[PDB]
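Worksheet: the structure to be examined is printed underneath.
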Amino acid sequence: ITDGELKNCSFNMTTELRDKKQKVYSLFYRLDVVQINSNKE
Amino acid sequence: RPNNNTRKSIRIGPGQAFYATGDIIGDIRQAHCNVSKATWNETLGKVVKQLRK
Amino acid sequence: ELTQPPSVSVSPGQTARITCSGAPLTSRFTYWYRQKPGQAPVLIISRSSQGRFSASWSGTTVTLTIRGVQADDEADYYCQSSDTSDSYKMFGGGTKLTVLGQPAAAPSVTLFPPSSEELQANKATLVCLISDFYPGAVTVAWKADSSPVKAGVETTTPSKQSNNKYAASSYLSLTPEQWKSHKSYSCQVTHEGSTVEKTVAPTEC
Amino acid sequence: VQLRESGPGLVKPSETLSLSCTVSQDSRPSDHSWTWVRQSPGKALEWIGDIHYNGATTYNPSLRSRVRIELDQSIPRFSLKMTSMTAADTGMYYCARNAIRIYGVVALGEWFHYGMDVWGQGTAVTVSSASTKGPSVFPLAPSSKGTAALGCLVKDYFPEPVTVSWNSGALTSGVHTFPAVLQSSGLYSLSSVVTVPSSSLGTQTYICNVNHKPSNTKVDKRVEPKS
């Protein structure tokens, strides 16, 4: 803890193929992102 | 900015390559700037004295 | 108030867990200590960066997991971290780790008479210490010639030693005449109901 | 890291008390926070306060307006102060070293806590008005008949404690010392024991050095056999 300014995020995208797609995780500053309305999304 | 960044190459095209924040390496420090306080207060006194006039 | 168990139990070979619960454990990392009764609380848990001893964080709790309980580890354990305002620290309770399967021990009784000098001090005392017994519960019988004693005697609580066995102390205060009087004083220590005797007289080098 | 507390260990009701801790033998000390932790007899170790060399001291909440931590960083001998004392604060007082480990620069605080990895020998602290009574030290002579043992009976002192060693330090392996007797007089007493077999009870020098720090005495006394 010792809070954290950033977030260990994850979300959904597509890939080389059309039907099949892709989830992948990244790390964003809490400035680059913002909440929306269960955990905080 | 003392961080070893990893570039995740994400296929979202074909062709188009998206870059995601790879797992940042270990100990966590935020970006900064070491400003020479001697050089800072030097130009400070120079201009301030051009202003009481 | 940090919520620990003041004592936990485990048998010869198993693993154990001590849970130190509270509020600030969702914010600050947890550090632990080992105080064998009267020793210097040894540090074992740290945050070296952002083998047999570890502690697992879990919400309102951080659980100290201990693997490999040799009887060498019988001690009081203390969790300690920091509150959410990074000003002051404080400690929890003090968990006495019990190690079951430790063997019972018939007592080791010593006995010393008044010294070559003490008779000159209007003090004719006796020293009957009991060393390294299990369990730590006995009852002493001071004697003279063949008669017991009920006063002039004081006894201090058994104390745990390095091998986790107990040591009780007892002394008896006489005058020079009440000492040299009788031909066989006999300290007696009842341990397990069984008992051990040491006999002493003013008339044998 | 020797933590040699040079202190008395006794004070009167409603007056004040001061401790010290001579920090010696070290090569990376002031990185870490110098603290004082206390344990009432058999009770919980309770934090009092700590000091970061720069002067950033902190204190246990209900004590903050009475406890002070000084710094004679020249010696270096850091000190502690408590006031309006009662017998409730009696117990063991442990100076300790709250460790700090850094990867980067202080200004941004690239460090965490390691923990209190150096706890001192400690000083037994008492609040009363009975005086500093030195010990009446006795030599427990052994029997005239293999193995054998002998000791030193420390009689009628106040307050706790004293301790010993035999041949001024050479006798060590397999010794015992047993809890003291608080007699109705108000003075304690206890004995030490050291093992010496029946081959050099008459060809060695075996003493027992009694030190009663509550009454600045170092009672050197010799213990000899019995006819």
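Simple scheme: letters A, B, ... for chains in structure tokens order, numbers from 1 for residues in each chain, numbers from 1 for ligands in the order shown.
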Could the residues of chain D that have an atom at most 9 Å from chain B be listed as a Markdown table, each with its closest atom pair and the distance in Å to one decimal, counting only C-alpha atoms and ordered by chain and ascending residue number?
```
| residue | atom | partner | partner_atom | distance |
| --- | --- | --- | --- | --- |
| D:103 | CA | B:27 | CA | 8.2 |
| D:104 | CA | B:29 | CA | 8.7 |
| D:108 | CA | B:29 | CA | 8.4 |
| D:110 | CA | B:29 | CA | 7.4 |
```
Could you turn the residues from that selection into a file that holds C-alpha atoms, as a PDB file, in the first residue's frame?
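Saved result, part26.pdb, follows:
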```pdb
ATOM      1  CA  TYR D 103      17.615   2.964  -2.685  1.00  0.00           C
ATOM      2  CA  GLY D 104      17.645   6.617  -3.770  1.00  0.00           C
ATOM      3  CA  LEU D 108      11.746  12.145  -2.122  1.00  0.00           C
ATOM      4  CA  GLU D 110      12.924   6.293  -1.151  1.00  0.00           C
TER       5      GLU D 110
END
```
Residue 151 (chain C) environment, 12 Å, only C-alpha atoms, sequence neighbours closer than 3 positions dropped, as a ChimeraX atom specification: /C:141-143,148,154-155,170-174 /D:183-184
Interface, chain C side, toward chain A (10 Å; only C-alpha atoms) as a list in words: residues 25, 26, 27, 28, 29, 50 and 84 of chain C
Residues of chain A within 8 Å of chain B, counting only C-alpha atoms, as a PyMOL selection string: chain A and resi 13-17+25-28
Report as CSV: every residue of chain D with an atom at most 9 Å from chain C, its closest pair of atoms, and their distance in Å to one decimal, counting only C-alpha atoms, with rows sorted by chain and ascending residue number.
```
residue,atom,partner,partner_atom,distance
D:37,CA,C:90,CA,8.9
D:42,CA,C:37,CA,8.4
D:43,CA,C:94,CA,7.9
D:44,CA,C:93,CA,5.3
D:45,CA,C:91,CA,6.3
D:46,CA,C:91,CA,5.7
D:47,CA,C:90,CA,4.8
D:48,CA,C:90,CA,7.9
D:49,CA,C:88,CA,7.5
D:50,CA,C:88,CA,8.6
D:57,CA,C:87,CA,9.0
D:58,CA,C:88,CA,6.0
D:59,CA,C:88,CA,6.0
D:60,CA,C:88,CA,5.9
D:61,CA,C:88,CA,7.4
D:94,CA,C:40,CA,8.1
D:101,CA,C:48,CA,7.2
D:102,CA,C:49,CA,8.8
D:103,CA,C:49,CA,8.8
D:111,CA,C:49,CA,8.3
D:112,CA,C:47,CA,6.6
D:113,CA,C:47,CA,6.3
D:114,CA,C:46,CA,4.5
D:115,CA,C:46,CA,6.0
D:116,CA,C:43,CA,6.1
D:117,CA,C:43,CA,5.0
D:118,CA,C:42,CA,7.8
D:119,CA,C:40,CA,5.5
D:120,CA,C:40,CA,6.9
D:121,CA,C:40,CA,7.1
D:122,CA,C:40,CA,8.5
D:138,CA,C:115,CA,7.0
D:139,CA,C:115,CA,6.8
D:140,CA,C:115,CA,6.2
D:141,CA,C:115,CA,7.3
D:142,CA,C:112,CA,8.6
D:143,CA,C:205,CA,7.0
D:144,CA,C:205,CA,6.7
D:153,CA,C:127,CA,8.5
D:176,CA,C:131,CA,8.3
D:178,CA,C:169,CA,6.3
D:179,CA,C:169,CA,6.2
D:180,CA,C:156,CA,6.9
D:181,CA,C:156,CA,6.1
D:182,CA,C:154,CA,7.9
D:183,CA,C:154,CA,6.8
D:184,CA,C:154,CA,8.8
D:190,CA,C:169,CA,8.3
D:191,CA,C:127,CA,8.2
D:226,CA,C:205,CA,6.9
D:227,CA,C:205,CA,5.8
```
Pull N, CA and C atoms from the residues just selected and write them as a compact mmCIF listing (two decimals), in the first residue's frame.
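The result, stored in result23.txt:
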```txt
# COMPACT_ATOMS: atom_id res chain seq x y z
N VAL D 37 11.70 1.64 23.80
CA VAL D 37 10.54 0.78 23.97
C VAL D 37 10.57 0.20 25.38
N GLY D 42 6.28 -8.41 32.43
CA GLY D 42 5.45 -9.41 31.80
C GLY D 42 4.30 -8.87 30.99
N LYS D 43 4.27 -7.57 30.71
CA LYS D 43 3.18 -6.94 30.00
C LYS D 43 3.58 -6.69 28.54
N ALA D 44 2.88 -5.77 27.88
CA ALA D 44 3.14 -5.48 26.48
C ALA D 44 4.29 -4.49 26.34
N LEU D 45 5.24 -4.82 25.46
CA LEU D 45 6.18 -3.82 24.99
C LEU D 45 5.40 -2.66 24.39
N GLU D 46 5.67 -1.45 24.88
CA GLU D 46 4.91 -0.27 24.46
C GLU D 46 5.87 0.82 23.99
N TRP D 47 5.61 1.34 22.80
CA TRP D 47 6.47 2.36 22.20
C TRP D 47 6.36 3.67 22.97
N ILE D 48 7.49 4.35 23.13
CA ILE D 48 7.56 5.65 23.80
C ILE D 48 7.84 6.77 22.80
N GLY D 49 8.94 6.66 22.07
CA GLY D 49 9.31 7.69 21.10
C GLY D 49 10.58 7.29 20.39
N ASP D 50 10.87 8.02 19.32
CA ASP D 50 12.09 7.81 18.55
C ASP D 50 12.64 9.15 18.09
N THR D 57 11.64 14.19 15.99
CA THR D 57 11.23 13.22 16.99
C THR D 57 9.71 13.02 16.96
N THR D 58 9.29 11.86 17.46
CA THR D 58 7.88 11.50 17.55
C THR D 58 7.64 10.81 18.88
N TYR D 59 6.40 10.86 19.36
CA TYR D 59 6.09 10.38 20.70
C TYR D 59 4.76 9.64 20.73
N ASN D 60 4.63 8.75 21.71
CA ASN D 60 3.41 7.96 21.88
C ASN D 60 2.27 8.87 22.34
N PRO D 61 1.08 8.79 21.70
CA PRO D 61 0.03 9.80 21.88
C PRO D 61 -0.17 10.34 23.29
N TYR D 94 13.96 -0.68 26.99
CA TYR D 94 14.85 -1.15 25.94
C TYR D 94 15.07 -0.02 24.94
N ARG D 101 16.04 1.79 5.26
CA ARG D 101 16.81 1.34 4.11
C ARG D 101 16.35 2.06 2.85
N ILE D 102 17.29 2.68 2.14
CA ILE D 102 16.98 3.56 1.02
C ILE D 102 17.68 3.05 -0.24
N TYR D 103 17.01 3.20 -1.38
CA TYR D 103 17.62 2.96 -2.68
C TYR D 103 18.02 4.25 -3.40
N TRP D 111 12.57 5.10 0.93
CA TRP D 111 12.96 4.19 2.00
C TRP D 111 11.72 3.64 2.70
N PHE D 112 11.92 2.50 3.37
CA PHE D 112 10.91 1.87 4.20
C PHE D 112 11.50 1.56 5.57
N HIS D 113 10.71 0.91 6.41
CA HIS D 113 11.17 0.42 7.70
C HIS D 113 11.65 -1.01 7.57
N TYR D 114 12.81 -1.30 8.15
CA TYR D 114 13.29 -2.66 8.32
C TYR D 114 12.81 -3.25 9.64
N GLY D 115 12.77 -2.44 10.69
CA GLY D 115 12.36 -2.88 12.01
C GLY D 115 13.45 -2.63 13.03
N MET D 116 13.10 -2.90 14.29
CA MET D 116 14.02 -2.69 15.40
C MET D 116 14.92 -3.92 15.50
N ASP D 117 16.10 -3.83 14.87
CA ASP D 117 17.01 -4.96 14.78
C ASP D 117 18.10 -4.96 15.85
N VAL D 118 18.20 -3.91 16.65
CA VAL D 118 19.22 -3.81 17.70
C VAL D 118 18.52 -3.33 18.96
N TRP D 119 18.24 -4.26 19.88
CA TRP D 119 17.70 -3.94 21.19
C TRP D 119 18.81 -4.07 22.23
N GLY D 120 18.95 -3.06 23.08
CA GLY D 120 20.02 -3.03 24.06
C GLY D 120 19.80 -3.99 25.21
N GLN D 121 20.79 -4.00 26.12
CA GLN D 121 20.69 -4.84 27.30
C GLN D 121 19.57 -4.39 28.23
N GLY D 122 19.31 -3.09 28.30
CA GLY D 122 18.18 -2.58 29.04
C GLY D 122 18.54 -2.18 30.46
N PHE D 138 27.89 -13.37 49.42
CA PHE D 138 28.33 -14.53 50.16
C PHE D 138 29.00 -15.55 49.25
N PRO D 139 30.01 -16.27 49.76
CA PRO D 139 30.64 -17.33 48.98
C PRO D 139 30.15 -18.73 49.35
N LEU D 140 29.46 -19.40 48.43
CA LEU D 140 28.93 -20.74 48.68
C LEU D 140 30.02 -21.77 48.43
N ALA D 141 30.64 -22.23 49.52
CA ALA D 141 31.75 -23.17 49.40
C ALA D 141 31.24 -24.55 49.01
N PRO D 142 31.97 -25.27 48.19
CA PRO D 142 31.53 -26.58 47.71
C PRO D 142 31.89 -27.69 48.69
N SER D 143 31.44 -28.89 48.35
CA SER D 143 31.68 -30.08 49.15
C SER D 143 33.06 -30.66 48.86
N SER D 144 33.56 -31.43 49.82
CA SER D 144 34.89 -32.03 49.72
C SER D 144 34.89 -33.36 48.98
N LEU D 153 26.12 -16.26 46.84
CA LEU D 153 24.81 -15.92 47.37
C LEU D 153 24.75 -14.41 47.59
N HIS D 176 24.08 -21.39 36.16
CA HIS D 176 22.70 -21.07 36.49
C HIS D 176 22.65 -19.96 37.53
N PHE D 178 19.31 -17.95 39.84
CA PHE D 178 17.91 -18.25 40.11
C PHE D 178 17.17 -17.03 40.66
N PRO D 179 15.86 -16.93 40.40
CA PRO D 179 15.12 -15.70 40.72
C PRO D 179 15.24 -15.29 42.18
N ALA D 180 15.21 -13.97 42.40
CA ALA D 180 15.51 -13.39 43.70
C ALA D 180 14.31 -13.49 44.65
N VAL D 181 14.60 -13.37 45.95
CA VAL D 181 13.58 -13.49 46.99
C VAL D 181 13.32 -12.10 47.57
N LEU D 182 12.12 -11.58 47.32
CA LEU D 182 11.70 -10.31 47.91
C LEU D 182 11.15 -10.61 49.30
N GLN D 183 12.02 -10.49 50.30
CA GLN D 183 11.63 -10.78 51.67
C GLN D 183 10.74 -9.68 52.23
N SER D 184 10.06 -10.00 53.33
CA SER D 184 9.19 -9.05 54.00
C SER D 184 9.91 -7.76 54.37
N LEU D 190 19.42 -13.44 45.93
CA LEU D 190 19.49 -14.59 45.05
C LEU D 190 20.94 -15.07 45.00
N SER D 191 21.14 -16.23 44.39
CA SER D 191 22.46 -16.84 44.30
C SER D 191 22.79 -17.19 42.86
N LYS D 226 35.84 -25.96 51.11
CA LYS D 226 35.40 -26.21 52.48
C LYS D 226 36.17 -27.40 53.05
N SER D 227 36.55 -27.29 54.32
CA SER D 227 37.36 -28.30 55.01
C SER D 227 36.80 -29.71 54.87
```
Best match for closeness to residue 6 (chain A) among A:40, A:18, A:23, A:30, counting only C-alpha atoms: A:30
Region 107-150 of chain C: residues DSSP assigns to helix (DSSP H, G or I), reported as a PyMOL selection string: chain C and resi 118-121
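The nearest approach to residue 93 (chain D) among the residues D:196, D:105, D:152, D:125, with only C-alpha atoms taken into account, belongs to D:125.
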Atom-to-atom span, CA of residue 199 (chain C) and CA of residue 111 (chain C), Å: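 For CA of residue 199 (chain C) relative to CA of residue 111 (chain C), the distance reads 7.9 Å.
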DSSP strand (DSSP E or B) selection over region 57-212 of chain D, as a VMD selection string: chain D and resid 57 to 59 68 to 69 72 77 to 82 91 to 102 111 to 119 123 to 127 133 136 to 140 149 to 158 163 166 171 175 to 177 188 to 195 207 to 212
Residue nearest chain C - candidates B:25, B:9, B:40, B:4, atoms counted: only C-alpha atoms: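 Ranking B:25, B:9, B:40, B:4 by distance to chain C, first place goes to B:25.
Taking CA of residue 148 (chain D) and CA of residue 135 (chain D) as endpoints, the distance between them is 25.9 Å.
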One-decimal distance in Å that lies between CA of residue 8 (chain A) and CA of residue 39 (chain A):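 Computing the Euclidean distance for CA of residue 39 (chain A) and CA of residue 8 (chain A) yields 13.5 Å.
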For residue 171 (chain D): contacts at 9 Å, only C-alpha atoms, fewer than 2 positions along chain excluded, given as a list in words: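 In the requested form, the answer reads residues 165, 166, 167, 168, 169, 173, 174, 175, 194, 195, 196 and 206 of chain D.
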